[PDB]
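Q: File follows, query.csv with CSV, C-alpha atoms:
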```csv
chain,number,residue,atom,x,y,z
N,1,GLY,CA,-43.5,171.8,7.0
N,2,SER,CA,-45.1,168.6,8.2
N,3,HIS,CA,-48.9,168.2,8.8
N,4,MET,CA,-48.6,165.2,11.1
N,5,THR,CA,-50.5,166.6,14.0
N,6,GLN,CA,-52.7,169.0,12.3
N,7,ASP,CA,-55.1,168.9,9.3
N,8,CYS,CA,-53.9,167.3,6.1
N,9,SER,CA,-54.1,170.4,3.9
N,10,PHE,CA,-51.6,172.3,1.8
N,11,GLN,CA,-51.1,176.1,1.5
N,12,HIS,CA,-48.8,175.8,-1.6
N,13,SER,CA,-49.5,173.4,-4.4
N,14,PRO,CA,-47.2,170.3,-4.0
N,15,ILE,CA,-48.0,169.3,-7.6
N,16,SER,CA,-46.2,171.2,-10.3
N,17,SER,CA,-47.5,171.9,-13.8
N,18,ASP,CA,-45.2,169.4,-15.5
N,19,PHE,CA,-45.9,166.2,-13.5
N,20,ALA,CA,-47.0,164.4,-16.6
N,21,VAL,CA,-43.7,165.0,-18.5
N,22,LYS,CA,-41.7,163.9,-15.4
N,23,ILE,CA,-43.6,160.6,-15.1
N,24,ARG,CA,-43.5,159.9,-18.8
N,25,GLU,CA,-39.7,160.5,-18.8
N,26,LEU,CA,-39.1,158.0,-16.0
N,27,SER,CA,-41.4,155.4,-17.8
N,28,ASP,CA,-39.6,155.8,-21.1
N,29,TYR,CA,-36.0,155.5,-19.8
N,30,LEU,CA,-36.4,152.8,-17.2
N,31,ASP,CA,-33.8,150.1,-17.7
N,32,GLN,CA,-36.1,147.3,-16.6
N,33,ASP,CA,-39.8,147.0,-15.7
N,34,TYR,CA,-39.6,146.5,-11.9
N,35,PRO,CA,-42.3,144.4,-10.2
N,36,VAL,CA,-44.7,146.4,-8.0
N,37,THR,CA,-48.2,146.3,-6.8
N,38,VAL,CA,-51.4,148.4,-6.9
N,39,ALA,CA,-54.4,148.1,-4.6
N,40,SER,CA,-57.3,146.2,-6.2
N,41,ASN,CA,-60.2,147.0,-3.9
N,42,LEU,CA,-59.9,150.6,-2.7
N,43,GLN,CA,-63.2,152.4,-2.1
N,44,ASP,CA,-64.0,154.3,-5.3
N,45,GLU,CA,-63.6,157.9,-4.2
N,46,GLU,CA,-61.9,160.2,-6.7
N,47,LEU,CA,-60.2,162.5,-4.3
N,48,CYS,CA,-59.5,160.4,-1.2
N,49,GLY,CA,-58.9,157.4,-3.5
N,50,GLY,CA,-56.3,159.4,-5.4
N,51,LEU,CA,-54.4,160.2,-2.2
N,52,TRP,CA,-54.6,156.6,-1.1
N,53,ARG,CA,-53.1,155.4,-4.4
N,54,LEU,CA,-50.4,158.1,-4.2
N,55,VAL,CA,-49.5,157.0,-0.6
N,56,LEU,CA,-48.9,153.5,-1.9
N,57,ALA,CA,-47.1,154.7,-5.1
N,58,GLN,CA,-44.8,157.0,-3.1
N,59,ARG,CA,-43.7,154.1,-1.0
N,60,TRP,CA,-42.8,152.1,-4.1
N,61,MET,CA,-40.8,155.1,-5.5
N,62,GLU,CA,-38.7,155.1,-2.3
N,63,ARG,CA,-38.2,151.3,-2.5
N,64,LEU,CA,-37.2,151.5,-6.1
N,65,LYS,CA,-34.4,154.1,-5.2
N,66,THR,CA,-32.9,151.3,-3.1
N,67,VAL,CA,-32.7,148.8,-6.0
N,68,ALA,CA,-32.3,150.9,-9.2
N,69,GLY,CA,-28.8,152.0,-10.1
N,70,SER,CA,-27.2,155.4,-10.1
N,71,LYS,CA,-28.5,156.4,-13.5
N,72,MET,CA,-32.2,156.1,-12.5
N,73,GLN,CA,-32.0,158.2,-9.3
N,74,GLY,CA,-32.6,161.6,-10.8
N,75,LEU,CA,-35.6,160.3,-12.9
N,76,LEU,CA,-37.1,158.5,-9.8
N,77,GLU,CA,-36.6,161.5,-7.6
N,78,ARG,CA,-38.4,163.8,-10.1
N,79,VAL,CA,-41.5,161.6,-9.7
N,80,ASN,CA,-41.0,161.3,-6.0
N,81,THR,CA,-41.1,165.1,-5.7
N,82,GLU,CA,-44.5,165.3,-7.3
N,83,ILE,CA,-46.0,162.8,-4.8
N,84,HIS,CA,-43.9,163.2,-1.7
N,85,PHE,CA,-46.4,165.5,-0.1
N,86,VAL,CA,-48.5,162.6,1.1
N,87,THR,CA,-45.8,161.8,3.6
N,88,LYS,CA,-46.5,165.0,5.4
N,89,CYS,CA,-50.0,163.8,6.5
N,90,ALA,CA,-50.7,161.2,9.2
N,91,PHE,CA,-52.0,158.5,6.9
N,92,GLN,CA,-52.9,155.4,8.9
N,93,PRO,CA,-51.8,151.8,8.2
N,94,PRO,CA,-53.8,150.1,5.5
N,95,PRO,CA,-56.7,148.0,6.7
N,96,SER,CA,-56.5,144.2,6.7
N,97,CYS,CA,-59.3,144.1,4.1
N,98,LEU,CA,-57.0,145.7,1.4
N,99,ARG,CA,-56.1,143.5,-1.6
N,100,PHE,CA,-53.4,144.0,-4.3
N,101,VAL,CA,-52.5,143.0,-7.8
N,102,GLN,CA,-48.8,142.5,-8.9
N,103,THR,CA,-48.0,144.7,-11.9
N,104,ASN,CA,-45.2,146.5,-13.5
N,105,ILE,CA,-43.8,149.9,-12.8
N,106,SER,CA,-45.0,151.3,-16.1
N,107,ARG,CA,-48.7,150.7,-15.1
N,108,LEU,CA,-48.1,152.1,-11.7
N,109,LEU,CA,-46.7,155.3,-13.3
N,110,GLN,CA,-49.6,155.6,-15.6
N,111,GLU,CA,-52.0,155.2,-12.6
N,112,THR,CA,-50.0,157.8,-10.7
N,113,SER,CA,-50.2,160.4,-13.5
N,114,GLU,CA,-54.0,159.9,-13.6
N,115,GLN,CA,-54.4,160.5,-9.9
N,116,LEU,CA,-52.4,163.8,-10.1
N,117,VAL,CA,-54.6,165.0,-13.0
N,118,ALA,CA,-57.6,164.4,-10.7
N,119,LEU,CA,-56.1,165.9,-7.6
N,120,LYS,CA,-54.2,168.9,-9.1
N,121,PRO,CA,-57.2,171.4,-9.0
N,122,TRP,CA,-58.2,170.3,-5.5
N,123,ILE,CA,-54.9,169.8,-3.8
N,124,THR,CA,-54.5,173.1,-2.1
N,125,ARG,CA,-58.3,173.8,-1.8
N,126,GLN,CA,-59.4,171.1,0.6
N,127,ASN,CA,-58.9,169.6,4.1
N,128,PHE,CA,-58.0,166.0,3.3
N,129,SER,CA,-57.9,164.8,7.0
N,130,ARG,CA,-61.0,162.7,6.1
N,131,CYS,CA,-58.8,160.6,3.8
N,132,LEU,CA,-56.1,159.5,6.3
N,133,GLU,CA,-57.8,156.0,6.8
N,134,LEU,CA,-57.7,153.9,3.6
N,135,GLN,CA,-61.0,152.3,2.8
N,136,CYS,CA,-61.9,149.1,0.9
N,137,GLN,CA,-64.9,148.3,-1.3
N,138,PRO,CA,-67.3,145.8,0.1
B,8,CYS,CA,-47.4,116.6,-13.8
B,9,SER,CA,-45.5,113.9,-11.9
B,10,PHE,CA,-41.9,113.3,-10.9
B,11,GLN,CA,-39.7,110.2,-11.1
B,12,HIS,CA,-37.1,111.5,-8.6
B,13,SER,CA,-37.9,113.8,-5.6
B,14,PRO,CA,-37.3,117.4,-6.7
B,15,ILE,CA,-37.3,118.6,-3.0
B,16,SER,CA,-34.1,118.0,-1.2
B,17,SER,CA,-33.8,117.1,2.5
B,18,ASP,CA,-32.5,120.5,3.6
B,19,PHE,CA,-35.0,122.9,2.0
B,20,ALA,CA,-35.8,124.4,5.4
B,21,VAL,CA,-32.2,125.4,6.1
B,22,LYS,CA,-31.9,127.0,2.7
B,23,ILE,CA,-35.1,129.0,3.1
B,24,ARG,CA,-34.1,130.1,6.7
B,25,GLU,CA,-30.7,131.2,5.4
B,26,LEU,CA,-32.3,133.5,2.8
B,27,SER,CA,-34.9,134.8,5.3
B,28,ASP,CA,-32.3,135.7,7.9
B,29,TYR,CA,-29.7,137.4,5.8
B,30,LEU,CA,-31.9,139.1,3.2
B,31,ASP,CA,-30.0,142.3,2.7
B,32,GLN,CA,-33.0,144.4,1.5
B,33,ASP,CA,-36.7,143.7,1.9
B,34,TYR,CA,-38.9,144.2,-1.2
B,35,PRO,CA,-42.8,143.8,-1.0
B,36,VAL,CA,-44.2,140.6,-2.4
B,37,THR,CA,-47.7,139.1,-2.6
B,38,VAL,CA,-49.3,135.9,-1.4
B,39,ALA,CA,-52.8,134.6,-2.4
B,40,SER,CA,-55.6,135.5,0.1
B,41,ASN,CA,-58.4,133.2,-1.2
B,42,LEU,CA,-56.9,130.0,-2.6
B,43,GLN,CA,-59.1,126.9,-2.0
B,44,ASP,CA,-57.8,125.1,1.1
B,45,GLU,CA,-56.4,121.9,-0.5
B,46,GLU,CA,-53.3,120.7,1.3
B,47,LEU,CA,-51.5,119.2,-1.7
B,48,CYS,CA,-52.8,121.1,-4.7
B,49,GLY,CA,-52.8,124.2,-2.5
B,50,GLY,CA,-49.2,123.7,-1.7
B,51,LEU,CA,-48.4,123.4,-5.4
B,52,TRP,CA,-50.4,126.5,-6.2
B,53,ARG,CA,-48.6,128.5,-3.5
B,54,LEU,CA,-45.2,127.3,-4.8
B,55,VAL,CA,-46.1,128.3,-8.4
B,56,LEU,CA,-46.8,131.8,-7.2
B,57,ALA,CA,-43.7,131.8,-4.9
B,58,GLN,CA,-41.4,130.5,-7.6
B,59,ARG,CA,-42.4,133.4,-9.9
B,60,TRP,CA,-41.5,135.8,-7.0
B,61,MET,CA,-38.1,134.1,-6.6
B,62,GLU,CA,-37.3,134.9,-10.2
B,63,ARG,CA,-38.6,138.5,-9.9
B,64,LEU,CA,-36.5,139.1,-6.8
B,65,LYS,CA,-33.3,138.1,-8.7
B,66,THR,CA,-34.1,141.0,-11.0
B,67,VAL,CA,-34.0,143.5,-8.1
B,68,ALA,CA,-31.6,142.0,-5.5
B,69,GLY,CA,-28.0,142.7,-5.5
B,70,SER,CA,-25.1,140.5,-6.5
B,71,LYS,CA,-24.7,139.1,-2.9
B,72,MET,CA,-28.2,137.7,-2.7
B,73,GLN,CA,-28.2,135.8,-6.0
B,74,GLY,CA,-26.8,132.6,-4.5
B,75,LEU,CA,-29.2,132.7,-1.6
B,76,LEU,CA,-32.2,133.3,-3.9
B,77,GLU,CA,-31.2,130.6,-6.3
B,78,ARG,CA,-30.8,128.1,-3.6
B,79,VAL,CA,-34.4,128.5,-2.8
B,80,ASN,CA,-35.4,128.7,-6.4
B,81,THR,CA,-33.9,125.2,-6.9
B,82,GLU,CA,-36.1,123.7,-4.2
B,83,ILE,CA,-39.3,124.9,-5.8
B,84,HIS,CA,-38.4,125.2,-9.5
B,85,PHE,CA,-40.0,121.8,-10.2
B,86,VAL,CA,-43.4,123.5,-10.6
B,87,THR,CA,-42.2,125.0,-13.9
B,88,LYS,CA,-42.2,121.5,-15.4
B,89,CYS,CA,-46.0,121.2,-15.2
B,90,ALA,CA,-48.5,123.1,-17.3
B,91,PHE,CA,-50.1,125.2,-14.6
B,92,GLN,CA,-52.8,127.3,-16.0
B,93,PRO,CA,-53.2,131.1,-15.6
B,94,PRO,CA,-54.9,132.0,-12.3
B,95,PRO,CA,-58.6,132.5,-12.3
B,96,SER,CA,-60.1,136.0,-12.0
B,97,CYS,CA,-61.5,135.2,-8.5
B,98,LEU,CA,-57.9,134.9,-7.1
B,99,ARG,CA,-57.0,137.8,-4.8
B,100,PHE,CA,-53.7,138.7,-3.1
B,101,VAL,CA,-52.3,140.5,-0.1
B,102,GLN,CA,-49.0,142.5,0.0
B,103,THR,CA,-46.6,141.0,2.5
B,104,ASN,CA,-42.9,140.7,3.2
B,105,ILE,CA,-40.4,138.2,1.9
B,106,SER,CA,-40.1,136.6,5.3
B,107,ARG,CA,-43.7,135.7,5.3
B,108,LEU,CA,-43.6,134.4,1.7
B,109,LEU,CA,-40.6,132.2,2.7
B,110,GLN,CA,-42.3,130.8,5.8
B,111,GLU,CA,-45.3,129.9,3.7
B,112,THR,CA,-43.0,128.3,1.1
B,113,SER,CA,-41.3,126.1,3.7
B,114,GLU,CA,-44.6,125.0,5.1
B,115,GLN,CA,-45.8,123.9,1.6
B,116,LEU,CA,-42.6,121.9,1.1
B,117,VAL,CA,-43.1,120.0,4.5
B,118,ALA,CA,-46.6,119.1,3.4
B,119,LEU,CA,-45.6,118.0,-0.2
B,120,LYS,CA,-42.3,116.2,0.4
B,121,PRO,CA,-43.7,112.7,1.1
B,122,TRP,CA,-46.1,113.0,-1.8
B,123,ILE,CA,-44.1,114.6,-4.6
B,124,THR,CA,-42.7,111.5,-6.2
B,125,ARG,CA,-45.7,109.3,-5.7
B,126,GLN,CA,-48.5,111.3,-7.1
B,127,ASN,CA,-50.0,112.4,-10.4
B,128,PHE,CA,-50.7,116.2,-9.8
B,129,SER,CA,-52.4,116.9,-13.1
B,130,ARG,CA,-55.6,117.5,-11.1
B,131,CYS,CA,-53.8,120.6,-9.6
B,132,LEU,CA,-53.0,122.5,-12.9
B,133,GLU,CA,-56.0,124.9,-12.4
B,134,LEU,CA,-55.8,127.1,-9.3
B,135,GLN,CA,-59.0,127.3,-7.4
B,136,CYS,CA,-60.5,129.9,-5.1
B,137,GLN,CA,-62.3,129.5,-1.8
B,138,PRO,CA,-66.1,129.9,-1.8
```
Just give me the structure of the file as structure tokens.
A:
Amino acid sequence: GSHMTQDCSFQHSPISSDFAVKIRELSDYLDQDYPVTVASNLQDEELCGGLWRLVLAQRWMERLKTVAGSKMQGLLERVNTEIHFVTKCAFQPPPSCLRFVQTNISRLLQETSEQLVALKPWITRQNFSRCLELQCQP
Amino acid sequence: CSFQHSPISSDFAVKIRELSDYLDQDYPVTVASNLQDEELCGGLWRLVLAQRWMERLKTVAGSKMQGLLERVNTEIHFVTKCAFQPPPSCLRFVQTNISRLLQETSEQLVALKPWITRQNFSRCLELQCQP
């Protein structure tokens, strides 16, 4: 269920063993290299920073479902399912300090896979309420 | 980087407004956060960046938007005729919506329109950041 009023923590792992294969499959079969963004000045925390990058990536995945054709929906949703859990927490709006770089979906997917590798052993073990506010580097 | 005939038509603002108002689907875009505050070179720098977004949006917008997008592209495509250089590493960006990008674009064209056929703009080919 949702975690919108309570602590941002997970009793069952939302990240499956085969996230890397799912992400590599979408990246290999994409029909075009859609223009997206990544944050450029997030505070360099491994765990919170992974969640922050997944919050942003998850929004891109939903956006792409609205512009990619039929044939991409299953591949896109497979990646969405590995990262959709962040929507269950009350992440707050990004701060005005946040900066971005425009890049391509392939780079975003690579970054996403890297965050899941970092988060997977931790995801069900921690209270991540401390991460709901995105932070920038000075 | 100079123009013998004005590449900006009288009705740019109506064309941009039409795209903004009837945009069928929003898609995040970027604008620069720390460009040097030059009115004329700065307008050109913002249009170089906006014109690349117009081309990107054609690759994600549906059939019905292509005419609206191209009508704006034609108003700002003249920047592709100059040898603008790759942005410097200092340049940073914010994520925003197409409406904001379009309002910024219209504002640059109002500033540039009286100057565009008179001036040599070679001094603008390198984008500059604020201190």
Q: Which residues come within 9 Å of residue 28 of chain B, counting all atoms listed in the file, excluding same-chain residues fewer than 4 positions away, as a list in words?
A: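 Everything that qualifies: residues 23, 24 and 106 of chain B.
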Q: Closest to residue 96 of chain N among N:55, N:10, N:135, N:37, using only C-alpha atoms?
A: N:135
Q: Kindly determine which residues of chain N lie within 12 Å of chain B, considering all atoms listed in the file, and give the answer as JSON, numbers by chain.
A: {"N": [31, 32, 33, 34, 35, 36, 37, 38, 39, 40, 41, 56, 59, 60, 61, 62, 63, 64, 65, 66, 67, 68, 69, 94, 95, 96, 97, 98, 99, 100, 101, 102, 103, 104]}
Q: Nearest to residue 9 of chain B among B:26, B:51, B:116, B:57, with distances taken over only C-alpha atoms: which residue is it?
A: B:51
Q: Could you check how far atom CA of residue 129 of chain N sits from atom CA of residue 81 of chain N, in Å to one decimal?
A: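 Between atom CA of residue 129 of chain N and atom CA of residue 81 of chain N the gap is 21.1 Å.
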Q: Need the neighbours of (-47.3, 161.9, 1.3): which residues are at most 9 Å away, counting all atoms listed in the file, as a tab-separated table (two decimals) with C-alpha atoms, in the frame of the given file?
A:
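And here's result36.tsv as it stands now:
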```tsv
chain	number	residue	atom	x	y	z
N	51	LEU	CA	-54.40	160.20	-2.20
N	54	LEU	CA	-50.40	158.10	-4.20
N	55	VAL	CA	-49.50	157.00	-0.60
N	58	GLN	CA	-44.80	157.00	-3.10
N	59	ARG	CA	-43.70	154.10	-1.00
N	83	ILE	CA	-46.00	162.80	-4.80
N	84	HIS	CA	-43.90	163.20	-1.70
N	85	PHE	CA	-46.40	165.50	-0.10
N	86	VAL	CA	-48.50	162.60	1.10
N	87	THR	CA	-45.80	161.80	3.60
N	88	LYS	CA	-46.50	165.00	5.40
N	89	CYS	CA	-50.00	163.80	6.50
N	90	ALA	CA	-50.70	161.20	9.20
N	91	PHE	CA	-52.00	158.50	6.90
```
Q: Name all residues at most 9 Å from residue 111 of chain N (count only C-alpha atoms; drop same-chain ones fewer than 3 positions away) and give them as a list in words.
A: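 In the requested form, the answer reads residues 38, 53, 57, 106, 107, 108, 114, 115 and 116 of chain N.
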Q: Do you have the atom CA of residue 19 of chain N-atom CA of residue 93 of chain N distance handy?
A: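 Calculated distance between atom CA of residue 19 of chain N and atom CA of residue 93 of chain N is 26.7 Å.
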Q: For a quick check of understanding, using only C-alpha atoms, which of N:137, N:52, N:105, N:15 has the smallest distance to residue 28 of chain N?
A: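 Distance minimum relative to residue 28 of chain N lands on N:105.
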Q: Residues proximal to (-41.6, 121.9, -11.4) were defined as those with any atom within 12 Å of that point in the file's coordinates, counting only C-alpha atoms. Which are they, as a compact mmCIF listing (two decimals) with C-alpha atoms, keeping the file's coordinate frame?
A:
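Saved file point07.txt follows:
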```txt
# COMPACT_ATOMS: atom_id res chain seq x y z
CA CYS B 8 -47.40 116.60 -13.80
CA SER B 9 -45.50 113.90 -11.90
CA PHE B 10 -41.90 113.30 -10.90
CA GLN B 11 -39.70 110.20 -11.10
CA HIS B 12 -37.10 111.50 -8.60
CA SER B 13 -37.90 113.80 -5.60
CA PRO B 14 -37.30 117.40 -6.70
CA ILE B 15 -37.30 118.60 -3.00
CA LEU B 51 -48.40 123.40 -5.40
CA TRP B 52 -50.40 126.50 -6.20
CA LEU B 54 -45.20 127.30 -4.80
CA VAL B 55 -46.10 128.30 -8.40
CA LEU B 56 -46.80 131.80 -7.20
CA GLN B 58 -41.40 130.50 -7.60
CA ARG B 59 -42.40 133.40 -9.90
CA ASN B 80 -35.40 128.70 -6.40
CA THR B 81 -33.90 125.20 -6.90
CA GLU B 82 -36.10 123.70 -4.20
CA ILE B 83 -39.30 124.90 -5.80
CA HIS B 84 -38.40 125.20 -9.50
CA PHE B 85 -40.00 121.80 -10.20
CA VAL B 86 -43.40 123.50 -10.60
CA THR B 87 -42.20 125.00 -13.90
CA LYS B 88 -42.20 121.50 -15.40
CA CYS B 89 -46.00 121.20 -15.20
CA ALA B 90 -48.50 123.10 -17.30
CA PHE B 91 -50.10 125.20 -14.60
CA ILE B 123 -44.10 114.60 -4.60
CA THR B 124 -42.70 111.50 -6.20
CA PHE B 128 -50.70 116.20 -9.80
CA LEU B 132 -53.00 122.50 -12.90
```
Q: Work out how far atom CA of residue 53 of chain B is from atom CA of residue 137 of chain B, in Å to one decimal.
A: 13.8 Å
Q: May I ask which of the residues B:62, B:77, B:46, B:114 is the closest one to residue 131 of chain B, counting only C-alpha atoms?
A: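 Between B:62, B:77, B:46, B:114, the residue approaching residue 131 of chain B most closely is B:46.
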Q: So which one's closest to residue 104 of chain B, B:27, B:120, B:47, B:22? Using only C-alpha atoms, please.
A: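 Result for the nearest residue to residue 104 of chain B: B:27.
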Q: I want to know what sits within 10 Å of residue 75 of chain N, based on all atoms listed in the file, with residues of the same chain fewer than 4 positions away left out; could you give that as a list in words?
A: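 That gives residues 22, 23, 24, 25, 26, 27, 29, 30, 65, 71, 79 and 80 of chain N.
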Q: Let's have the selection written as a compact mmCIF listing (two decimals), in the coordinates of the input, with C-alpha atoms.
A:
```
# COMPACT_ATOMS: atom_id res chain seq x y z
CA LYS N 22 -41.70 163.90 -15.40
CA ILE N 23 -43.60 160.60 -15.10
CA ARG N 24 -43.50 159.90 -18.80
CA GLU N 25 -39.70 160.50 -18.80
CA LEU N 26 -39.10 158.00 -16.00
CA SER N 27 -41.40 155.40 -17.80
CA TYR N 29 -36.00 155.50 -19.80
CA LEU N 30 -36.40 152.80 -17.20
CA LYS N 65 -34.40 154.10 -5.20
CA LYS N 71 -28.50 156.40 -13.50
CA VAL N 79 -41.50 161.60 -9.70
CA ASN N 80 -41.00 161.30 -6.00
```
Q: Using only C-alpha atoms, pick whichever of B:113, B:43, B:108, B:96 has the shortest atom-to-atom distance to residue 21 of chain B.
A: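 Once distances to residue 21 of chain B are computed over only C-alpha atoms, the minimum belongs to B:113.
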